[PDB]
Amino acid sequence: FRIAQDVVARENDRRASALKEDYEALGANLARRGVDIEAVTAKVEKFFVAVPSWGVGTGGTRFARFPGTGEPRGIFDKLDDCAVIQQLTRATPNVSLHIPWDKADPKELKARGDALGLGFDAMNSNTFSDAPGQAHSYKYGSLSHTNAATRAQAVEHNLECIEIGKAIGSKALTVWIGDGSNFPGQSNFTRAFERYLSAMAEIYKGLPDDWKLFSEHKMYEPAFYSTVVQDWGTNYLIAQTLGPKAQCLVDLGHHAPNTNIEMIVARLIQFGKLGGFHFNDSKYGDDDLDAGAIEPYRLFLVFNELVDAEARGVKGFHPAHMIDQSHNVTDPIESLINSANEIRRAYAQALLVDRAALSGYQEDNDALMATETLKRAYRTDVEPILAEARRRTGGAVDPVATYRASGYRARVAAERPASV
């Protein structure tokens, strides 16, 4: 146990009385509304989101990186930190690895995961940066590079990711690349996309029968003029071209200003190409901030579309959700904990929406009551539900407060030497 059980128990006991009061009060309010609080809690305690191994370390910008104390040394230190997030929130049982950053003997990775009670989610390839001893640079691209040798090298790396994933229990490969141009004319849009499609087709060949290949669109950065996989439209063309095993990943902060993101989610679902959603928040661009910290209502609206899919009876809809954030000014462990909480928060709220009433207001074009129907769900403070779900599953009523009480950061700070 990364966090002492007695600490968790002690902090839970200290907040038990208030939780009892808030939960029962909420339960009665929900009951008056025709909702069984126990049914919501039961689903909430089963909602999981993958944590990125690269998120437990402090992030930075091109201007600077301000590391905190006890930064994880390698993938093993990262898994140990991810274990804390899962133990306290019980909402992140799976970790998403990034190759070559997390490269290590698959058997050891698996053994560490099992010992910590962590599983492994989608593998993530890396052809947006150069590794040492690399025959060809990705400066001008990878899978869509003009040079065939460079594209084949990118393909082999991705195939390697699949091999590592197969050995640790992963069932998917996420592909996000920086491929694009910074100047008009630098790239022939169409030829670059044709090259990308051919490369991906190669990667697709290496997928096991029960694996998925996820392509992730991004409007810009690292490319500042054009990006090959720039939006969901190109993303759809990709998945539809590759085949049944290919789907699209929607990363919240990867869209143009004012984009109606929840609509994109609904569209991809309608055409069965929503592989998953990558959570984070933003105000300006791909800020990679804590989910829900900037626009909590938008996060709720995305979940409303995810829950409606279930309500409409969409078949075989098992999206792979993951958090993809960069924590530049907070303890990474604490930010991921509260971000996972916000994600469960919005999910619980989407579960509260009176779909019956909603359908009636949509049918009658009663816009005001339709929006108020969503608001009645969203305005509901579901924290007691999230808290109780944690208590029941061995987690903490107040994750961050328990984390701080355990003095975990100080402990790892003393165990881990800062880089020189």
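Residue indices: 1-based, along the sequence shown.
Two stretches are in play, 29 to 37 and 383 to 391, and the higher mean C-alpha B-factor belongs to 29 to 37. In this crystal structure, the stretch out of 191 to 199 and 329 to 337 whose C-alpha atoms carry the higher mean B factor is 191 to 199. Within the listed group 85, 109, 274, 229, the record reports its top CA B-factor for 109. Sorting 216, 77, 290, 286 by the CA temperature factor given in the entry leaves 286 at the top. The deposited CA B-factor of residue 9 belongs to the highest third of values across its chain. When all modelled residues of the chain are sorted by CA temperature factor, residue 279 is found within the lowest third. Residue 342: CA B factor lies in the lowest third for its chain, per the PDB record.
Remark: residue 410 belongs to the highest third of its chain, ranked by C-alpha B-factor as recorded. In this PDB entry, residue 318 carries a Cα temperature factor that places it within the highest third of its chain's modelled residues.
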